[PDB]
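First the structure, in the form of structure tokens, and then the observations on it.
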There are 2 protein chains.
Amino acid sequence: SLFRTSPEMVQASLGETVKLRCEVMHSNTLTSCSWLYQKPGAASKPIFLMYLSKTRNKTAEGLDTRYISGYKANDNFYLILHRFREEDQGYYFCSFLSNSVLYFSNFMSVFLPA
Amino acid sequence: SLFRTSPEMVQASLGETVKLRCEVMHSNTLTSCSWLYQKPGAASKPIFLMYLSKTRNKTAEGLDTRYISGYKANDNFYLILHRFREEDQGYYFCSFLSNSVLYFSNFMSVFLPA
């Protein structure tokens, strides 16, 4: 697989810190990764969170980085949900572009305990 | 907004030719677009169908181009489901990439009658 992620199923309580990982294997100095999010409930378009690379990090306009941040270390990309909100529940995943193809990591689901 | 799509809800019968459209709105520059798909059931990662641009079109490895194809005409991008199958039901959308940011169109749902 192109990506290796941290456990795909996560339970978090309100206010907890959640840390997600996607490793892009077989990488180079140009390797970049974008964190995306999809809401629970009805199917709806993904939301861009941030783009990470050695030379440039770019967060989405309107992203509150006090609650959601991320970083690159070597070939690992991380997303941190600092103070888990009810509306932070959903599906997080990485996206990587190579030769005109968009690649996606498996979903990492993060939900409150039922 | 950045995208305009054909009707977001489509009802189709088996064997019907279904044609979807996403228009990239403020084309200041040259535009490109990738057609993506999400399965209707359990939430899981989107599937890349094809990338469309002036200088390169790229279909996903494995894509049956006899059932699914697409093209670019100026800032309009189209996806054609040539002979609608049960397995073609689901959610279709576009993304484009600009200045390290991924943008997505609204979802277009295509389903058989109840």
Side-chain angles (χ1 to χ4, degrees), chain A residues 1-5 8-10 20 22 30-63 70 72 77 89-111, chain B residues 1-5 8-10 20 22 30-63 70 72 77 89-111:
Chain A
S1 60
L2 176 64
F3 292 101
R4 286 177 55 78
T5 69
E8 64 158 38
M9 205 101 336
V10 177
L20 307 178
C22 69
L30 309 180
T31 298
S32 67
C33 193
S34 294
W35 281 103
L36 306 177
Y37 165 78
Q38 188 183 43
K39 292 175 287 190
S44 66
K45 65 190 185 179
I47 297 168
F48 172 81
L49 303 176
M50 67 192 69
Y51 167 95
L52 300 167
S53 73
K54 176 178 174 185
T55 63
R56 159 175 298 183
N57 289 174
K58 185 167 189 175
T59 59
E61 273 176 38
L63 185 71
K72 175 186 189 293
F77 299 86
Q89 295 175 278
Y91 308 104
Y92 295 82
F93 58 113
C94 296
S95 197
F96 170 79
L97 167 72
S98 186
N99 280 294
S100 306
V101 175
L102 267 185
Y103 294 86
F104 304 97
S105 77
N106 291 352
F107 276 6
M108 284 154 286
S109 67
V110 191
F111 284 90
Chain B
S1 47
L2 197 55
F3 286 99
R4 286 185 39 79
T5 64
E8 290 172 13
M9 296 249 295
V10 173
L20 311 178
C22 66
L30 209 47
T31 66
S32 62
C33 212
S34 297
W35 279 104
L36 309 173
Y37 167 82
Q38 187 173 47
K39 295 164 231 184
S44 60
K45 65 180 172 191
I47 298 167
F48 170 81
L49 300 187
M50 69 194 62
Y51 172 83
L52 302 167
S53 73
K54 170 180 170 163
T55 70
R56 174 152 294 201
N57 280 179
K58 176 141 177 47
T59 54
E61 200 192 334
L63 191 82
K72 165 185 171 73
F77 301 83
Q89 295 179 277
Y91 304 105
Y92 295 84
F93 60 114
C94 302
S95 56
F96 73 86
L97 174 71
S98 178
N99 289 306
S100 305
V101 177
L102 285 162
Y103 298 92
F104 304 94
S105 77
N106 292 354
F107 274 21
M108 286 156 286
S109 66
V110 189
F111 282 94

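Within every chain, numbering begins at 1; the chains are lettered A, B, ... in the order of the sequence lines, protein sequences first and strands thereafter.
- Residue contact with chain A, scored on non-hydrogen atoms closer than 4.5 Å, involves the backbone and the side chain of B/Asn99 alike.
- The line from CG of A/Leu36 to NZ of B/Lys45 is 12.5 Å long, rounded to the nearest 0.5 Å.
- Of residues 100-108 of chain A, those residues lying under 4.5 Å from chain B by any heavy-atom pair are A/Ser100, A/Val101, A/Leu102, A/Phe104, A/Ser105, A/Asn106, A/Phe107.
- Proximity to chain B (any heavy atom under 4.5 Å) is shown, for A/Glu61, by neither the backbone nor the side chain.
- Of the listed residues (A/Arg56, A/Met50, A/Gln38), the greatest number of heavy-atom pairs within a distance under 4.5 Å of chain B belongs to A/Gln38.
- Other residues, nucleotides and ligands contribute at most 12 non-hydrogen atoms within 6.0 Å of the CE atom of B/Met9.
- Going from atom OG of B/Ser34 over to atom CG of A/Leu97 covers 7.5 Å, rounded to the nearest 0.5 Å.
- When each of B/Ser53, B/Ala60, B/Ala43, B/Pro46 is scored by its heavy-atom pairs under 4.5 Å with chain A, the top score falls to B/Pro46.
- Within a 6.0 Å radius of NZ in A/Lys39, other residues, nucleotides and ligands contribute 12 heavy atoms or fewer.
- For A/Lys54, there are no side chain to side chain donor-acceptor pair (under 3.5 Å) partners at least two apart in sequence or on another chain.
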